[PDB]
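Encoded as C-alpha cells, the following chain is the form deposited in one PDB entry, with no partner shown.
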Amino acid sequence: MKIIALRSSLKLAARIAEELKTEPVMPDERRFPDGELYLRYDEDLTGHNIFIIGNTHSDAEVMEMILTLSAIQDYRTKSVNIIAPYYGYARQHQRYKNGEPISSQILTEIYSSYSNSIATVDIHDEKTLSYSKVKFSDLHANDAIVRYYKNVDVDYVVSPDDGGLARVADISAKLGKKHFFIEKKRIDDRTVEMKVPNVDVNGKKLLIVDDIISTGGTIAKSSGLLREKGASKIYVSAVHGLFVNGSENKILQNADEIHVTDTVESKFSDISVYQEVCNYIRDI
C-alpha cells in the first residue's frame, strides 16, 4: 500500500502511515508564477493500493485533490482510494432555495469518477454519501473521543442541538454516562432553550459534543446557557475544528476546554482519529 499525504492532512496522514509502517508520500508542490497549482509524485506507485489522504473544503484543497487524482494516473496502480478526513460542502446537502448548486453532489461525482472508493470521518449529512457511484464510507471519531474522556470527570454528555443525538448517545453509552440535548429556537427576537430531558446541570460537569465547529456560535450559546444554570465544568469537543475568527474566544467565554480531532489540524487537535482510519484501510 501507498499512503499519499496531502498538505491539509500531513499530521493525521503521518500518524496513519507510522501505524501502518509505511511512507507518508508527500507531493512536491508549488504554485506557478500565474497562481496555477503544480504537483509531482516521483515515487513509483505502480501496482500498489493507493490511499490519498486530504481534506476537500478549501478551493486549494479541492485543486490538490483533483490534480493528485490526475498525477497518479501516470502509474498503473492497483486501486485508488480517497480518504478525506473532513469532507467539504456536506453542508446539507440539497437545494434551498432554487438555483443553488448541490455542491456535494457534483464534487462527490467528480471524486468518485477517479477513484475506487471514498471515505470521510463524520460527514455532516449522510445524504451526500448517496451521490457517489463507488462505495462512500462514513467513519466515526466516537471511539477516539471516548478514549480521551475515559480519564476525565464527566457527569453528562450533551448535544448543542437536536441533531447530533446519535453520536452523543453512543459516546455517552461508551463512557457509561447519562446524556441530554439542548433545543434552541428563536421566537420573535427572543431566544428559547429546552433541555431534553430537563436535566439539572447545577454543579455538574458537562461534555458538549458536535460534529463541526465553524463560527463557534452554536456551541458558545449552549455553553453560556449551561454555565448560567450552574454547570461546574464544560468541556467542548467536535470532530472538525475549523475555528473561523474568532470562534475559539467565543467558546472559551464559558467553556473550560476545547478538544477536537486531527481531521482538521489546529492547536486544539488533542484527539487523533488515526486508529479509526487505519481500521478502514486495513479492512479495505
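Throughout, rigid core stands for the largest set of C-alpha atoms superposing within 1.5 Å between the two forms. Heads up: residue numbers just count along the shown sequence, starting at 1.
There is also a form deposited in another entry; it is not shown, and the following applies to it.
- Lining up the core between the shown form and the other one shows that one residue from 125, 143, 183, 138 moves its Cα 2 Å or more, and that residue is 183.
- Superposition of the core reveals a Cα shift of less than 2 Å for residue 152 between the shown form and the other one.
- After superposition on the rigid core, the Cα of residue 198 moves by 2 Å or more between the shown form and the other one.
- Legend note: Cα of residue 193 to Cα of residue 156 is at least 3 Å farther in the other entry than in the depicted form.
- In the other entry, the CA atoms of residue 186 and residue 219 draw together by 3 angstroms or more relative to this form.
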